[PDB]
């Protein structure tokens, strides 16, 4: 069986859990709880993923896969249902780019979170935090203007990644209030939030 380094707050981990849920592969995966930060290492995790990040997936043979996008690609090839990542065609690079946009939202939102929650407030850099927040808002603007129809057509790699990014914004950055300027995205997000895979993977209250 597989072992996934796991935390119920992480949206990168959540992408993997949603994909396992959608593809019916949860029964293959043991979760290994992990609490960590860049300034608070998890030594057991570090022995499997030297970068000290989750998710990391340990295979039946002991080999370890990371990061999330590599794990997602692996798991999508493990089941015989319709692939959640297009194998070829323009759809492949379109959906993978949308997923990368979602990852970029998570990257920025995690950097802001670490800064505001772990770094001494006297050492905060406001132009930095604002720079990160700007990436998030530019990204959301694009999804709203260019991606609504594509996201709706299939709950795949792109939809899962965006959905998880949005959930993390609600969870750790509710001050952004992303729904105001992005109604179509918000409406879609409420709808997919009702999927069993999303309900089952919400971050802790």
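Positions refer to the first chain, counted from 1.
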Mean C-alpha temperature factor, higher of 180-188 and 15-23: 180-188
Mean CA B-factor: is it higher for 112-120 or for 67-75? 112-120
When the CA B-factors of 159, 39, 29, 59 are compared as recorded in the entry, which is the largest? 39
Could you place residue 82 in the lowest, middle or highest third of its chain by Cα temperature factor, using the values in the record? middle
For residue 200, return the chain-relative third of its C-alpha B-factor as stated in the PDB record: lowest, middle or highest. middle
Could you say whether, by C-alpha temperature factor, residue 129 belongs to the lowest, middle or highest third of its chain? highest
Among modelled residues of the same chain, the CA temperature factor third for residue 51: middle
Quick check for you: using the entry's CA B-factors within this chain, is residue 44 in the lowest, middle or highest third? highest
